[PDB]
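Provided below as C-alpha cells are two forms of one protein chain, presented individually as structure 1 and structure 2.
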Structure 1
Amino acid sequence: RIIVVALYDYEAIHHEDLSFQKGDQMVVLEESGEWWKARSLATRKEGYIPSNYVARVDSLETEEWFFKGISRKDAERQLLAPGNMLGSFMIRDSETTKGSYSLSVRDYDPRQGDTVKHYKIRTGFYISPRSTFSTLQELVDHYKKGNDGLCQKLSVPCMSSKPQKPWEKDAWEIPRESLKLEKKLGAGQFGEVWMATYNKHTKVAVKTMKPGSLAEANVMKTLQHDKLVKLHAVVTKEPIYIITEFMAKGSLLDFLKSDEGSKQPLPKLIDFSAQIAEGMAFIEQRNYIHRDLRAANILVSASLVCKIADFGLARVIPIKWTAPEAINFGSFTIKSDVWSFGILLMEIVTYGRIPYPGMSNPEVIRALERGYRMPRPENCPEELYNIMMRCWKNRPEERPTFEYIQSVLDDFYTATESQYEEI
C-alpha cells in the first residue's frame, strides 16, 4: 500500500486524469512512468496523475527546502532567479558525491555581487564536525538561527517552480484534427512555425514541413534534456507536423537583438553559453549530432532558459557557422558542432551580430584558408575568446569536448578550489 502527497496543484484537462491540490494524499494503484494511476483520499476518485507532481509521504521531496535531481549550477541558477533574497537556501543531491547531500545558500560580496555558495553535507548529518544533527531538518533549523560558520544565515527556502505537465499518454503520433494552428510565428524555405493548441487544452508550437523536404524523429524523442526543446508529438501525413513545447521568448538571436536582451549583462550571456554547452554536452554523450548550431536554432523560455532546437533535423533534409572540413569535404561531426559553438559564442557575446561582418561566404572560406579568425570584441573577455579560438582549430580532433567547454563555462567566475566551501 503506497501513499503519495501532491507537491503542486493540478487541474485535469484529459478524460481520465485527476484534479488535485497541494497537500492532498493519494493511493498509488499503478506506476506506468510519467502517468500514475491513483485514488485521491479527498475526492475518492480514481484516475491518472502526473508522477512528477507527487511523492511518498514524509519523504525528502515533500520538504520545501529539498530539491531532488538538481546540479550545482542548476541550484545556482534557481537561487539567483527572481523572487529570492539573501540567505535563500536549498538542500539537494550531491552530483559529485552520490548518496549524500549538499546545501546551497545565497550570499553577497561587493566584488561579485549576489552569489551562491555550496557546502557539503556529510553523514546523522553535519557540515562542520563540531555540530552534528540527527536529521537534515535539525540542520536547517540550526543554521536558520545564526550562521555558526556559514557565509550566510538561512532565511527562506528557494522559490520552487511548477514542472511541465506530461504529454498525453501514448500520444506520439497524433491526428492533425487535434491541432489548431493559431498564429504563424515564422516562415522559411523548408516550412513554417506556428503557435498552436492541442485538443483545446494545451498550448504548443508546431513546425510544419513542406512535402518536398520519422525514424530520425523517433530517435530525437529519446534525447530528453532540460536544455533541449521537448519534442511532444508528430503528424505522420504530409505535410509533416512536428509538435514541440512553446518557448515564450522565441529564438536566442532575436532575444539578443531585443531590448531586454540588450539589457543582459556579460555574466548572463556567459550563462546562456553554459546552458547551450550543457545541452550540446548531452547530445555529445548520446553520440548524436546537431549539424546546424547557431543562435537562430537556440530558443529561449520565459524564464530565460536556453534550449537547443532543430537538432539532427538538418540531416533528414550557413557557411559562417560551418567548420572548414564540413564545407570542403562534407565531414559533419561533433567537432564541427564545436566550431559552430565557437561561432555561436561570438554571436552571443556580440548580442546577435552576424559573423564576419562585411564578408561574403566565399570570401569567408578563402579567409579560413589563410588561417583567418574573427577578432576579439571590446566587451569580450580574453579567456572566452581563447575558448572560441580553441573551438576554431583546423584539426577537428584537436578541438575541445562539449563536456570540457561546459565545465569551463559553468565555473567561469569560480576558481576550482572555491566550488565548495569547507567549514
Structure 2
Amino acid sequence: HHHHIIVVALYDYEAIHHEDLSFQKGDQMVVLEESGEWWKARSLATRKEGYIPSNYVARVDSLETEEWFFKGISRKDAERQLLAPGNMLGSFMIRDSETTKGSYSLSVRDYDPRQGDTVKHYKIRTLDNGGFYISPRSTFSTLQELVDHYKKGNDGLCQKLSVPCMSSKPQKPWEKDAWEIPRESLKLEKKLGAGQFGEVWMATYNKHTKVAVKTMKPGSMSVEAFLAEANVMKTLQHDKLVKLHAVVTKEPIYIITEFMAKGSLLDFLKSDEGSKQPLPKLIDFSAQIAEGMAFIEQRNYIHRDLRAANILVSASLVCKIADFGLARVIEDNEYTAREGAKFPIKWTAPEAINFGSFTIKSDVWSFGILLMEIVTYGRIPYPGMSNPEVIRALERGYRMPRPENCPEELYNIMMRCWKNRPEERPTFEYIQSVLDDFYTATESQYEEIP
C-alpha cells in the first residue's frame, strides 16, 4: 500500500528535466511512487521531492550498494563485462544465481595459456541460520567477509580476487511521458546515412541528450499504422534490441533511438577495427543477436529484415538489433516502388520470396545468412552468384559452402537455419543455447572447488 522503501544514490544525478530531483552519491531518499525507469522520491536530507532515475539508486539494506554486486545480470553478460578491456586477472563480481534462487554466484576473471582469458563461476551457498560459503571449511557471516578472505588468498579459487569488475554510470532514462514528441525538440546535427525509404541522423533532444533519428520519406508509412506498430516495438525491452525512445507522428515520420557509436555491424566488420576481431568475439556477436531474436520469438514478434546492416554496435562492442518490425509498416505504393525492392533476396527465405510468408522461421533463415556474414567479415552472401542464380540454386538444394575460419558447429547451425521447410528450422531458443555455450563442453557449469 504505502511506500516505505529507503534508497541511497549509487551515482550522482543532475536534473535536466522539470520534475526531476538532483542528488549526489550517498544521498538517501524515500520512494513515494514507482513510475517505471523514473521514481518519485523525497530527499531525507533537504525534503525536496521529484523524480529520480530508478537505476541510479538501491535499497539501503541491499547488496546492490556494494561495488562488487551486479544486480540483474545474466551469467553471460557477467562473463562479457568481466572479459571487457580494463579488467585484470582476479577481477570479480557477485551476482544473483540464475540456477539456485536466493543463492549467489561469484564470477572471477582467470587466464590459462591453453584456455586464454576465461571467467570461472563459483556457487555461494546460503546457511539456514545465516551466513554464506563456497567451501564448507570456509564459512562467512557476510559476503564482504567472503570477498576480503578470497582477496587475501585464492583458498581453492582459480585466482586471488583482485578488484571489482569495472562499471560505468548507466544510461539516463528518457523523459517521463515523452513518446510522441514535437519535431522542434530535435536538432539534426549530422546525417549518418541515406537509404531507400529514409535517412538516419545524429541529433540532440532538447539540448540535453544525443540520439539517432531515422527520418522516413513522405509516402513511406501511414501515421496510424506506424504508431500502432511503434506502440508494440516500445514494449520489446531487451538489452540486445536498440532502445526506441520516441517518435514524431507526423510525415515525415521520425523514429528516435539511442545512439550507437560504432554504426552498423556490417560497416564495423568491414572496418580496420572490426577486421581484427578474433573468431570468439564474432561468435559472441552472434550469440548477442541470437539472444535478442530469442526475445522477439518469445514475444510472438517478427523482425522481417534480419541482416548485418540492421545490427548496430555500441562503443562497448555490444550488438543491438534494429529495424525490428519496420518492414511491415513500410507501405507498398507509388512512392516506395521507385526505391526498389524492400527485401534483400540473398537474406530472404524462399517461402517469403515466393508467397510473402514472413514468420519467425523466415527470420531463422535470415539469421543463418547473418552468421555467414559475421564469420566472413561482411562479405556478400553467395559470392560469385547473382540474385537470380541464388533463387534457382536454392531450389536445387544448393547451400553456401563452409568458409575458412568457420567452426563446423557454427556451419551446422547455418545449415539447420537454411532448411527449405520452415517447420524443420530451429527455434531461436535453441540457437541461443548452442551459441551461448559454444566453447563450454567443459560442463560442470560452475567450479567444483573442495
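Residues are numbered by position in structure 1's sequence, first residue being 1. Definition used throughout: the rigid core is the maximal C-alpha set that superposes within 1.5 Å between two forms.
Worksheet item: Of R373, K37, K393, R376, which is the single residue whose C-alpha shifts by 2 angstroms or more between the two structures after core superposition?
Response: The one that moves 2 Å or more is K37.
Practice prompt. For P50, decide whether the Cα shift between the two structures is 2 Å or greater, given a superposition on the rigid core.
Written response: No, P50 moves less than 2 Å.
Worksheet item: Fitting the rigid core first, would the Cα of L60 be found 2 Å or more away between the two structures?
Response: No: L60 shifts by under 2 Å between the two structures.
Discussion item. For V364, does the CA position differ by 2 Å or more between the two structures when the superposition is done on the rigid core?
Written reply: No: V364 shifts by under 2 Å between the two structures.
Item to complete: Superpose the two forms on the rigid core, then give the C-alpha shift of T416 between the two structures in Å.
Response: That residue's C-alpha sits 5.8 Å away in the other form.
Fill in: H15: CA movement between the two structures [superposed on rigid core, Å]
After core superposition, the C-alpha of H15 moves 2.7 Å between the two structures.
Discussion item. Give the rigid core superposed Cα shift of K145 between the two structures, in Å, rounded to one decimal.
Written reply: In the core superposition between the two structures, the C-alpha of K145 moves 1.2 Å.
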